[PDB]
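Close look at the chain arrangement
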Amino acid sequence: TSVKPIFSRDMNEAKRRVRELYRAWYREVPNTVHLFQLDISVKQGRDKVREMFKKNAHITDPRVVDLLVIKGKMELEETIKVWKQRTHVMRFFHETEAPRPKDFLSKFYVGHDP
Amino acid sequence: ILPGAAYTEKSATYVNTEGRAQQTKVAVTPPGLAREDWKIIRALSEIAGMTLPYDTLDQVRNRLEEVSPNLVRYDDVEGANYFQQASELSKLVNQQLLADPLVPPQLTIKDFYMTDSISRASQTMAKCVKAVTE
Amino acid sequence: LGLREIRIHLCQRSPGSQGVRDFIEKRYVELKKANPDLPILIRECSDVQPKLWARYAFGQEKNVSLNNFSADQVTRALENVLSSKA
Amino acid sequence: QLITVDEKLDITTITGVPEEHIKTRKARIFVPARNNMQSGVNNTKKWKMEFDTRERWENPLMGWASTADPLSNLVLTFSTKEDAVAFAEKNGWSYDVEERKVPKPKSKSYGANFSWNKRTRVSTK
Amino acid sequence: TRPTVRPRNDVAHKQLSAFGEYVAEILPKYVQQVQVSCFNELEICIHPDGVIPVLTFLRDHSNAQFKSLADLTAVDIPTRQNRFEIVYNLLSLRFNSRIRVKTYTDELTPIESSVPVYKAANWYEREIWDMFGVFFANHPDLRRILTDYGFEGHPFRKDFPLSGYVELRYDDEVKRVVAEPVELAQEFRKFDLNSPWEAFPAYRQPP
Amino acid sequence: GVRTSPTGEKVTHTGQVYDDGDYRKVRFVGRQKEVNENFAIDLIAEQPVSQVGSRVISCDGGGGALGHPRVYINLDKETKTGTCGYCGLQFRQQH
Amino acid sequence: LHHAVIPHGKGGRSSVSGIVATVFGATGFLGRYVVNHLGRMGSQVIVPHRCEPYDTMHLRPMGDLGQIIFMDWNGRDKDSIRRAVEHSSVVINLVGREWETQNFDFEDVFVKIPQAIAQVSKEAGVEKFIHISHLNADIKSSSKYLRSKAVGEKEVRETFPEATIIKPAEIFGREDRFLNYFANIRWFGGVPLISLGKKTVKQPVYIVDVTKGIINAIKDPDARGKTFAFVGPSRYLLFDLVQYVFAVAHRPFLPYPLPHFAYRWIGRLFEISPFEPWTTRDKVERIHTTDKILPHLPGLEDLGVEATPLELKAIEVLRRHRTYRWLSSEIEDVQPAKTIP
Amino acid sequence: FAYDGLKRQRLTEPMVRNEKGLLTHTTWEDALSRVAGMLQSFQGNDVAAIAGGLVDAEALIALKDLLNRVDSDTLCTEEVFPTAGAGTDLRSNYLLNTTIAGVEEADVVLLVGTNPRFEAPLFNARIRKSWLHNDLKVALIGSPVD
Ligand SMILES: NC(=O)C1=CN([C@@H]2O[C@H](COP(=O)(O)OP(=O)(O)OC[C@H]3O[C@@H](n4cnc5c(N)ncnc54)[C@H](OP(=O)(O)O)[C@@H]3O)[C@@H](O)[C@H]2O)C=CC1
Ligand SMILES: [Zn+2]
C-alpha cells in the first residue's frame, strides 16, 4: 500500500492545492465573461465553478486529487490564454440539452433506459 | 392491455425443474411501446399510490432474496430436505384415485410443437405441425 | 390487520441454523397441522443467517433473526408471530 | 519516497466517462461459450467483459440500426477473472461474474462400439 | 533460401544478444528483462525508476551512442495491474543499430519526463498524456496536444468507446457549435473475426 | 413485374412499398421512387432449360473466369431440374 | 400509432420523436426556432416555402439526414397545401407580414391563408393544428394588422374546432423586429414616441419561450381546442422599455414626443419603399398599443414553460448595436427598467 | 426454431376499450391510470391475478407485492399442484430433487403419468444417455408412449 505520490503526500496537502485552484478559478471568471463576451453573469459562472468542485468532494485519495488539480490547472490555462473559444466555455452549461427527468415514471414513459 | 417484454427482451430470473435459478440477458429491446414486465407493475403501483419499494433490477432482486433466498443464487442447485415431514402431512387427508388411465396431453410429435403463445405464433412450428400430420 | 404468511430461511449445513433445522424436523408438522390454511414457506439456502419473516395485512412485514436460536427459542419466536399480530 | 494510500482504487472521477454510463451500466464478466457450430475451443481461453444491451432503433431514412449507447460495442479481454474484476471495481461498474465452464472429462472407448452384451453396440458405422 | 520465407539473420541476433546482456550487466539496478525477437529487435524492459539512468546511459555511453529518439509511445493492456506500457524506440547512428526500452505505469502513478535526455520527448509525452492519461513528472509544458480543448477522457484507452461520448453540431438558436451525447444513425457493426482454431503452436500458453 | 399499390406507389422487386398511412412516403412528393424494373426473378425464368447427356453437369456461369466459381449439378432426380446455385440456369438429363 | 411514428432513441438528433409536422411560414423569425426545436429531437419537418431556395439554407443543418423536407407552395393554391399537409400529424401556421405588399394585404395573410390551411388540413385528416394569432388581436383596433388577426383567429376556430391558438405578445430575439426596431431608430437622432411613451404598456415575451410553448402544445393532449396567451413575466411602460433598449446598447437616448397624426405622416412616408419598409403606419399603431391582460386564458406556465425575463436576454440581442468602445460591457452594467407591479 | 414467433402477433401499444367496447391504442399514462383507478376501488378477494407459463420471477414478486397492498392473496398460476399437506411449504415437495445430472447416477427410474420426451426433451435425452451407457432400467405408468 506504499505508492509513489504525484504532488501531495496526504489529503491535507492535496486540499491546499484544491483551494489554490479554486481561488484562481474564482478570480478568473469576471475576466472570462468579459473576454469571451459571455451573456451569463459573473454569479452564474462562479456558481458553475462551485458545481464542478462540489461533484468531486467525496474523493479521499491524494493521488486522485492531484490529477484533478492538474486537469483543473490545464483547464484554466486554456481559458486564460483564449485557446478555448466561446463554444468551449459554454459547453459547461449544456444550453441545448432538453432536461431529462430523473424519476421512475418519467423514465418509464420515455424508454427502457433505467 | 399492457404490452410486456418477451424472454429475449429482458434480464429475467427463471427457476428450472431442479430449482436452479438462472437469468436471461437482454438481446434486443421490446418492440413499440412495450416495457419490462416488472417495470410496468412498479409504474402502476406508483400511480395507484401504493408505491413498491424498488426502482431498479438489482433492488427487485434483493426483494426476491427476502422471499426465497435461492432465487438469486444463479446457476446453483440448492438442496431441499424434509421429505419425511412432507410425507407425514400428505397422509392426513385421504382421497380417492380416479378410474381414468394416466394419459399425458402430448401423445405424439404433432402435440409437441405448439404449447405456448410464442410457439403458437411461430410459422416454423406450424410448418412442422403440418409436416408430421401430413 | 392479521397475519398472512410466514417464511423461514435457514441453511442446510451451517451450525447457526441447527436449532431451526431441529424445529422443522420435530415441531413443524404439528404446527402446520395446527394452522392448515396459513402458508408457512420454509426455504433453505447455503450460508444464510436463519431468519423468520411474518407478513401481515396490506403487505407489512417483519423479520426476526434466529441465528444460534435453540429449538425452544424458535418455538417462541413463531409463537410470538402467531399470537400477537401487528 | 512512497506514501501510504489506504483506500480502494477509484478512477471514476478522472476517466472522463459521463455519470450515466458508470452508475446505470451492468458489466458481465464471463468466458465466452464455444460457438456450437464449430469444434474449435480457441475462443474460450480468455475472460471477457461486456455491458448490458441497450435500445437499437431503425433509422427513418434508410432503416439502419441506430443506437444512443456509447458502450454498445465495448468488449474487454482479460487473462483471469480477478483481473477483470479488478478493472470493473476501479472504474465503478456494477458487474456480474459467471464461472468458467470447462467440458467434463469423458471416457471414450472405440471397442465399446462392438459390445458383446451392452447397449453401446452400434448398429451402423 | 526459400522464396516465400523471410530469411533469418543470425549474425545480428548474436550481436544484439551480446549487447543486451552488456546493458543488463551495467545497470542491474533497473533492468528486469532483456529479449531479442526472431526478426532481430532488442528490447530492454526496466523498472520505471530507471527511465532517466537507462536512457542517459544509452544516449551517452561510448559503446551505445543512441543519439536519436525515434519514437516514444504507450500501449494500454487492461488486464495488467500496471496497464500502461511505455515504449522508447532509440536509434544509434554510430553503430547503425536500434534498441527498444520498455517500462510500465498505471493510472495514478507518474513517470519521470525524459525531456532532459531527449528534447524530442516533449511532444511525445504530451501525446501519451493526452491519449492515455499517463502523467509525466517535471515535464516543461504538459497539456493536451491532439484532442479538442476541454475534451474529457483519454481516447486511446481500450475502455474508451470508439465513437466517444459526445459529438458536435451547429445550433442556430445559440448561434454556436454545441456538444451533445453521441447518437449514430447507423451503429458501428462489431465483427467477431477470430477463428476458434489455434494458428501458431509456437506461441501456445501453458494451461 | 413491377406493380403499383392501390396508393399508386410502385412495388420493388424485394416487395417493399410504403403502406397507406405511412408518413415516410412524403419523401417521394415532388420527386420519384427509384425502382429498377428489370426483375431478375422474372428474367431468369425466361431462359430455356438445357438438356444434357451426362448425369453430372458443371456451370461456371459462362465467360470462363468472368463467371462464377465452377460447380457441379446432379441430375438424377427426374421430377425437377438441376439449378445452378449461383446463376439460376436450369439443366435436364435428356432421357 | 403506425409503427413508423412510435418514438425511439434518447431524444437526440438521430432519434425518432414521432412528430410529422408541416410548418407554414418556417422561413421567418419564429419559424427558424420552431424548426430547430423539432429537428433537435428527431422530428420529420415539412417546410413548404415560397422564397428562393437560397433563403432556406439556414434550415438545412437543423435535422438529421432526410428529416427536413422542402416543398413549394402558394398561399392561394390549395393543391399545394394538400401536398404539404396530407402526410402530417400536426400542422403549424406561422404565416404573417408586418406590412402589406402589392400582392398580399393583411386580409390575405391573416384570414384567407390561415383559413385555407385549416380547411385543407381538416380535409386531410390532420390530427392537430397550431395557429399563431396575437395578444392584442381585436376587431375594434386602430391597427388593420390587429383587426385581421381577430377575424382570422375566429375563422380558424370554426374551421378547425380542435385547433390550439397561441396569442403571443411582441417577441424579442436576435432577429426580432422589436428590440432591433427600437435600437435602429438611432439612425435618425432622437426617438419619437406618441405621448412620450408614457401611455403604453408592453409585456414582451422571449422567442425561446414561445418556441417551447409551441412544442409543448404539440405533445400536450390538453392543448387541443384551447387558446393560449404567451406573455413575458414583466410589464413595462413603453418609455422605460425603449430607454432600457438604449442603455443596453449604450447609445445616446434623446426621446421627444411626437403627436399621433404627425407620426402617421412619417409612417406613410416609409411605406413607399418597394422593399421591406423601415416602419409603417400600422407598425406605429402596434408599437403604441397597450398589451392586453387576459387572465381567463392559460399562459406559458400551463405548458410547462417558465417565462424568461427581458433582462437575461437583452444583451444577447442588443450587443451587436454597440460601438467598439462598448462591445464588451457585461450584462450587469445596466440597471433593469422600471416595471409595472 | 420457435423464435420466429417473437416477430408475430406482438403487443406493442397499451390498449383500452372504447365506447364501442373495442380495443384501441392509447398511452401508458392513460392505460395505467385506468387500471390504477379500478385497483383503488377494490380490496381483498375482489382482486386476483393469474400468472402464465412464461412469466419471470421479477414480475411475479412485483405483482404479488402490489396485490398484497390491497390485502389480496389470490396470486394464482395456471399449472396445478396439490396443496394438501405440505403443499408448497417445502421445496422438496415440488422439485426434481435428484437433479438432471443425477439421472446418470440412478439404477432404476420409475416414470409416472408423464411423457418426458415432449414435456422435457433434454431431460429425456439424459435418461436415454443413462439407459445406454449405464444400462439403466426404466419403467412407466401411463399411456405407452415412444
Ligand atoms: N413579434 C412577433 O414576431 C409576433 C409574431 N406573431 C405572429 O407569428 C407569426 C410569425 O411571426 P414572424 O415569424 O416574426 O413573421 P416573419 O415575417 O418573420 O415570417 C413570416 C413567415 O410567413 C411567410 N409569409 C408571409 N407572407 C406570406 C405570403 N403572402 N405567402 C406565403 N408565405 C408568406 C414568410 O415566408 P417568406 O420568408 O417566404 O416571405 C415567413 O416565413 C406571424 O403570424 C406573426 O404575425 C404574433 C405575435 C408577435
Ligand atoms: Zn451458373
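This entry, as listed in the PDB, derives from cryo-EM and reports a resolution of 2.4 Å.

Moving on, we come to the environment of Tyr118 of chain E. Residue and element names in this part refer to chain E. Structurally, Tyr118 can be placed in the loop between β6 (111-112) and α3 (121-132). Considered as a pair, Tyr118 and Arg100 are 18 residues apart in the sequence and their alpha carbons are 15 Å apart. Those residues in contact with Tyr118 that sit more than four places away from it in its chain are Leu55, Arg59, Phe66, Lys67, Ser68, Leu69 and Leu90. A polar contact is formed between the side chain of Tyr118 and the backbone oxygen of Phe66, at a distance of 2.5 Å.

This part is about the pattern of salt bridges. Summed over the entire model, instances satisfying the criterion amount to 90 salt bridges over all chains. The shortest N-O distance in the salt bridge between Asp113 of chain A and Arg54 of chain D comes to 3.3 Å. One end of the pair, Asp113 of chain A, is in the segment after α5 (104-110); the other, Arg54 of chain D, is in the loop between β3 (47-51) and β4 (56-58), on a second chain. Judged by relative accessible area, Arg54 of chain D falls into the buried class, the value being 8%. Among the ionic pairs, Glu158 of chain G bridges to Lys154 of chain G, the shortest N-O distance being 3.1 Å.

Glancing now at helix α2 (residues 42-54) of chain A. Since the α-helix turns once every 3.6 residues, residues separated by three or four places project in the same direction. All names here are of chain A. Taking 1.5 Å of rise per residue, 13 residues should cover 18 Å, and α2 covers 18 Å from first to last C-alpha, within 8% of that figure. Within the span of α2, buried status applies to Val42, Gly45, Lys48 and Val49. Angular distribution of buried residues about the axis of α2 spans 125 degrees; they occupy a single face of the element. What points out from α2, more than 90 degrees from its buried face, is the exposed set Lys43, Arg50 and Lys54. Among the structural elements, α1 (11-36) are those in contact with the buried residues of α2. Its side-chain oxygen placed 3.3 Å from the backbone nitrogen of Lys43, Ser41 serves as the N-cap of α2.

Another aspect to go through is the coordination of the zinc ion (ligand 2). In ideal tetrahedral geometry, four donors around a metal make angles of 109.5 degrees, whereas ideal octahedral geometry with six donors gives angles of 90 or 180 degrees. Residue and element names in this part refer to chain F. Protein coordination at the zinc ion (ligand 2): the donors are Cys59 (SG), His68 (NE2), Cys84 (SG) and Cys87 (SG), at 2.0 to 2.3 Å from the metal. Each of the four donor atoms around the zinc ion (ligand 2) contributes to a set of angles spanning 103 to 121 degrees, which defines the coordination as tetrahedral. Counting the intervening residues between successive donors of the zinc ion (ligand 2) yields the motif C-x8-H-x15-C-x2-C. You can see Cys59 sitting in strand β4 (residues 56-59) and its partner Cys84 sitting in the loop between β6 (82-83) and β7 (90-93), a full 25 residues away along the chain. There is no split in this pair, since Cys59 and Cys84 are both buried.

Bringing the packing of aromatic side chains into the picture now. The final tally for this structure, using the stated rule, is 38 aromatic pairs over all chains. Seen in terms of ring centroids, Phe51 of chain D and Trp93 of chain D are 4.7 Å apart; in terms of plane orientation they differ by 75 degrees. Their pairing is edge-to-face. With a gap of 42 residues between them, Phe51 of chain D in strand β3 and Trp93 of chain D in the loop between α2 (81-90) and β7 (94-97) connect regions that are remote in the sequence. Judged by its relative accessible area of 8%, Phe51 of chain D falls in the buried class. Arranged with centres 5.2 Å apart and planes meeting at 75 degrees, the rings of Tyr110 of chain D and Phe114 of chain D form a pair that is edge-to-face. Its relative accessible area of 58% is what places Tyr110 of chain D among the exposed residues. An aromatic cluster of three or more residues is present, and its members are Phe104, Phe108 and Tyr109 of chain A, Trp38 of chain B together with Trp28 of chain H.

All right, on to the pairing of strand β5 (residues 128-132) of chain G then. Residues and elements named next belong to chain G. Of all five residues making up β5, four are buried, and the element is well covered by its neighbours. Across four bridges, strand β4 (residues 90-93) lies against β5 in parallel orientation. Note that in β5 the partner of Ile92 across the bridge is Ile130. Inspection of the sheet shows β5 paired to strand β6 (residues 164-168) by three bridges, in the parallel sense. The partner of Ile130 across the bridge, within β6, is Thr164.

For the rest of this paragraph, the subject is the interface of chain A and chain E. At the interface, 23 residues of chain A touch 24 residues of chain E. Surface buried jointly by chain A and chain E totals about 2,100 Å² across both partners, of which 57% is contributed by carbon and sulfur atoms. For the chain A face of the interface with chain E, the top three residues by lost area are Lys4, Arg91 and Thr96 of chain A, together amounting to 25%. Taken together, the connections running from chain A to chain E amount to three salt bridges. Linking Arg176 of chain E and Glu95 of chain A is a salt bridge whose minimum nitrogen-to-oxygen distance equals 2.5 Å. Our count for the chain A to chain E interface comes out at seven residue pairs in polar contact. When contributions to the side of chain A that touches chain E are tallied by element, the ones reaching two or more residues are α3 (62-80) and α4 (86-89) of chain A. Among the elements that make up the side of chain A that touches chain E, the one with the highest residue count is α3 of chain A (nine residues). Taken together, the residues of the side of chain A that touches chain E break down into nine nonpolar, three polar and 11 charged.

With that out of the way, let us pick up the interface of chain H and chain B. Taken together, the contact pairs 58 residues of chain H with 72 residues of chain B. A salt bridge links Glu9 of chain B to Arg10 of chain H; the shortest N-O distance between them is 3.0 Å. Seen at the junction of chain H and chain B, the total is 22 residue pairs in polar contact. Those elements that provide at least two residues to the side of chain H that touches chain B are α1 (28-40), α2 (57-68) and α3 (116-119) of chain H.

With that out of the way, let us pick up the sheet that holds β6 of chain F. Residue and element names in this part refer to chain F. With mixed pairing, three strands are arranged side by side in an open sheet as β3-β7-β6. Strands with a single pairing partner mark the edges of an open sheet, and in this sheet they are β3 (50-52) and β6. The sheet contact formed by β6 and β7 spans two bridges and is antiparallel. Bridging across to β7, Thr83 finds its partner in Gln90.

Before going further, it helps to examine the state of the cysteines. What the rule picks out here adds up to zero disulfides over all chains. Left unpaired, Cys11 of chain C is separated from the closest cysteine sulfur, that of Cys45 of chain C, by 8.0 Å.

So, about the packing of helix α3 (residues 83-90) of chain B against helix α1 (residues 18-34) of chain C. Across the interface, α3 of chain B lies against α1 of chain C with an axial gap of 10 Å and an inter-helix angle of 25 degrees. The orientation of α3 of chain B with respect to α1 of chain C, classified from their angle, is roughly parallel. Taken as a pair, α3 of chain B and α1 of chain C cross one another with a handedness that is right-handed. Counted together, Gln85, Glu88 and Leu89 of chain B of α3 of chain B and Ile24, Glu25, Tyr28, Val29, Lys32 and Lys33 of chain C of α1 of chain C form the full contact between these two elements.

What follows covers the nonpolar core. Proteins that are soluble and globular tend to have nonpolar side chains buried together. Core analysis: the biggest nonpolar cluster contains 75 residues, and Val23, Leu38, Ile92, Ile130, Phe182, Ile214 and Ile218 of chain G have the highest contact counts within it. Discounting residues that sit within four places of it in the chain, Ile130 of chain G has contacts with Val90, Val91, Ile92, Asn93, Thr164, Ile166, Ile214, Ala217 and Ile218 of chain G. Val51, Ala64, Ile128 and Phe136 of chain E belong to the second largest nonpolar core, which has 51 residues in total.

Let us look at the side chain of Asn36 of chain G. Looking at where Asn36 of chain G falls in the secondary structure, it is placed in helix α1 (residues 29-40). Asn36 of chain G gets classed as buried once you look at its relative accessible area, which sits at 2%.

Side chains of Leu102 of chain B together with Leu110, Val112 and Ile141 of chain H sit close together on the surface and give an oily, nonpolar patch of about 360 Å² of accessible area. Looking at the secondary structure, you find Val112 of chain H in strand β5 (residues 108-112). Note on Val112 of chain H: relative accessible area 48%, which makes it partly exposed.

All right, on to unusual backbone geometry then. Backbone geometry places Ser195 of chain G, a non-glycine residue, at a positive phi of 55 degrees. Turning to its location among the elements, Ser195 of chain G is positioned in the loop between β8 (191-193) and β9 (201-202). Positive phi is not limited to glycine here, since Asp71 of chain H has a value of about 60 degrees. Mapped onto the fold, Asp71 of chain H is located in the loop between α2 and β4 (75-77).

This part takes up a positive patch on the surface. On the surface, a cluster of positive charge is contributed by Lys15, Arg19, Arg23 and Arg27 of chain A. Mapped onto the elements of the fold, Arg19 of chain A is located in helix α1.

Our focus in this paragraph is the arrangement of the chains. Here 17 pairs of chains make contact, and the pair sharing the most contacts is chains B and H. Across all C-alpha pairs, the smallest distance from chain A to chain F is 22 Å, and the two are not in contact. Note that chain C does not reach chain G: the shortest distance linking a C-alpha of one to a C-alpha of the other is 36 Å.

Parameters at a glance
- Residues numbered from 1 in each chain as written, not as in the entry; some residues may be left out.
- Chains lettered and ligands numbered in written order.
- Part of a larger assembly, values for the part shown.
- Heavy atoms only, no water.
- Helix = DSSP H or I, 4+ residues; strand = E, 2+ residues; numbered from the N terminus.
- Contact = heavy atoms within 4.5 Å.
- Polar contact = N/O pair within 3.5 Å; in protein donor to acceptor, adjacent residues only side chain to side chain.
- Salt bridge = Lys/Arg side-chain N within 4 Å of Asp/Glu carboxyl O.
- Buried < 20%, exposed > 50% of the residue type's maximum accessible area, 1.4 Å probe, protein only.
- Expected span 1.5 Å × (residues − 1).
- Arc of directions from axis to C-beta.
- Donors = N, O, S within 2.8 Å, 3.2 Å for Na, K, Ca; no water.
- Tetrahedral: all angles 85-135°; square planar, octahedral: opposite > 155°, others 65-115°.
- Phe/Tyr/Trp six-rings, centres within 6.5 Å; stacked < 30°, edge-to-face > 60°.
- Pairing = 2+ DSSP bridges.
- Buried area = accessible area lost by both parts, 1.4 Å probe.
- Nonpolar A, V, L, I, M, F, W, Y, C, P; charged D, E, K, R; others polar.
- Disulfide = S-S within 2.5 Å.
- Axes fitted to C-alpha atoms, helices over the stretch in contact; angles between N-to-C directions.
- Parallel < 35°, antiparallel > 145°, perpendicular 65-115°, else oblique.
- Left-handed = near helix turned anticlockwise from the far one by under 90°.
- Core = buried A, V, L, I, M, F, W, Y, C linked by side-chain atoms within 4.5 Å.
- Patch = residues over 30% accessible without salt bridge, like charges linked within 9 Å, V, L, I, M, F, W, Y side chains within 5 Å.
- Areas by Shrake-Rupley, 256 points an atom, 1.4 Å probe, with all protein chains shown as cover.
- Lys, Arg positive; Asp, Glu negative; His and termini not counted.
- Charge placed at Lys NZ, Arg CZ, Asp CG, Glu CD.

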